[PDB]
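Next up is one chain by itself, shown in structure tokens, the form deposited in one PDB entry.
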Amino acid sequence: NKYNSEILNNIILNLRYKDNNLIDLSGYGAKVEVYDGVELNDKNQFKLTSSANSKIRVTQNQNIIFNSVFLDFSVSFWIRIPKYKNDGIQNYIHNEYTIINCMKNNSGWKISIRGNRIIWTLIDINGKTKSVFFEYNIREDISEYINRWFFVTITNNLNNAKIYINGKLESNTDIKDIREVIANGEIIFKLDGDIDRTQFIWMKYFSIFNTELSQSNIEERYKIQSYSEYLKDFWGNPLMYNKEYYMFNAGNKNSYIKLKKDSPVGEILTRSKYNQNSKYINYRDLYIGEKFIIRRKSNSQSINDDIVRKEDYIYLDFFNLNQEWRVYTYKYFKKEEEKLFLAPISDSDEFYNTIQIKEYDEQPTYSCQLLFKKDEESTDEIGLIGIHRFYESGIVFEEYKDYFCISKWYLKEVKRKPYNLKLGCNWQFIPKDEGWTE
């Protein structure tokens, strides 16, 4: 409809990937210099490292007779900040480093990071300062932010500086007392401060607007830049085939899958937690439970790797001590839910092995759903993969226990609006990542 141009309104700088480089497609033609230390890929993601040559310099229109200033302006971008090093806590919490700086005659703005806090700073013509920040908890079991791509938007008008995270307002600072801010300085993208040589930042879709973006407009941009045909992993990157993944359940965040001893089923256990005793941090381990791997079903030709897309037909396997086993459901079960069947790769006609990976959520998410159908062409849906607490009435036992299950119930629950985010049928895949050490 070319009606999707709405999120381009008032844009004055739009950094985009093009021919192994970054260029401003705003139409105002800013000069962009990307140095050799900046890693760039087609997916619009760029990485800033500790290297001196890891920087980006953007030059804007020069102001000859008068000073160029902003009244209302906004800054948009996605970012992924790696988790702190357990052995480098002090440096993480105390050393602030600039990631992006835009100033001329000591006036302008900048974005800096101090540990788990992202900071927006304004400096007027007098040197007067004002800051608004977003800090995410580092003592939480499962963080929605640490080492995961998330959307940032900072808007400014003459009275308030607001920080929006993932389309929602998180912080606000009264800036009425701050004066004019020089806006045409060079914009330097580069890590600057006393940082660990291993520190890095990933950023994507950096843009500036010469207006105060509305929440409504920010939400739409959030939705549009979150949209993709491929599914994503726990970190927000594209989901792939033939890649080792630990499985996470949105509905039961502190649980993981473990092949139950002496059984062909997966039991659900509680995640181990940070063992040391730092008073600053806490988290549940993520690299635990069975190591799963997604294999392409339909047309399996020399599968070495690749991207998983919505509606793809797959095989959900996992390694049982070097051997690659598979996840199945019995073609027959009468309970509302039953235990999934874990076993070697076979063609048995006693159970279903084909899964279709879906996305029932209409809003941005990194979760997906796993559905077993009679077959690819059939519309008879068997059930969705999830977690359910069964009742093990032993002759003396009398105990309830969580199992990796399939459920007929979910099939109707995923239909309810708004889409249920708390469902135990929402999964996320976690691959080892340099940004997360435990």
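C-alpha atoms forming the largest set that superposes within 1.5 Å between two forms make up the rigid core. One-based numbering along the sequence shown.
Compared against other deposited entries of this protein, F397 counts as often unmodelled, lacking coordinates in at least a third of those that resolve the residues around it. In the record comparison, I303 is unmodelled in at least a third of the other entries of this protein that model the residues flanking it. Comparing 58-66 with 375-383, the higher mean C-alpha B-factor in the PDB entry belongs to 375-383. Between 162-170 and 125-133, the higher mean Cα B-factor belongs to 125-133. Highest C-alpha temperature factor among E336, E96, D317, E212, as the PDB entry reports it: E336. Of the candidates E186, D233, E144, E350, the PDB record gives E350 the highest C-alpha temperature factor. Per the deposited record, the Cα B-factor of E244 falls in the lowest third when ranked against the other modelled residues of its chain. Per the PDB record, residue ranking by Cα B-factor puts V181 in the highest third of the chain. For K358, the recorded CA B-factor ranks within the middle third of the chain. Only modelled residues enter the ranking.
Ranked by Cα temperature factor within the chain, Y332 sits in the highest third according to the deposited record. Per the PDB record, residue ranking by Cα B-factor puts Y274 in the highest third of the chain.
Just so it is clear, the following notes concern the form deposited with a partner chain bound, a form of the same protein that is not shown.
Put simply, of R114, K260, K358, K204 only one has a heavy atom within 4.5 Å of the partner chain in the deposited complex, and it is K260. Of the residues given (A343, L169, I224, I142), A343 alone sits with a heavy atom within 4.5 Å of the partner chain in the deposited complex. Contact with the partner chain in the deposited complex, defined as any heavy atom within 4.5 Å, is confined among 204-212, 335-343, 80-88, 125-133 to 335-343. Contact with the partner chain in the deposited complex, defined as a heavy atom within 4.5 Å, is made by all three of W325, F351 and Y403.
Contact check for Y330: a non-hydrogen atom falls within 4.5 Å of the partner chain in the deposited complex. Of the heavy atoms in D347, some are within 4.5 Å of the partner chain in the deposited complex.
Residue contact check for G193: none of its heavy atoms lie within 4.5 Å of the partner chain in the deposited complex.
The closest non-hydrogen atom of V265 lies within 4.5 Å of the partner chain in the deposited complex. Residue displacement note: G27 has its CA displaced by under 2 Å between the shown form and the other one (rigid core superposed).
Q62: CA moves 2 Å or more between the shown form and the other one after rigid-core fitting.
Relative to the superposed core, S393 undergoes a C-alpha shift of no less than 2 Å between the shown form and the other one.
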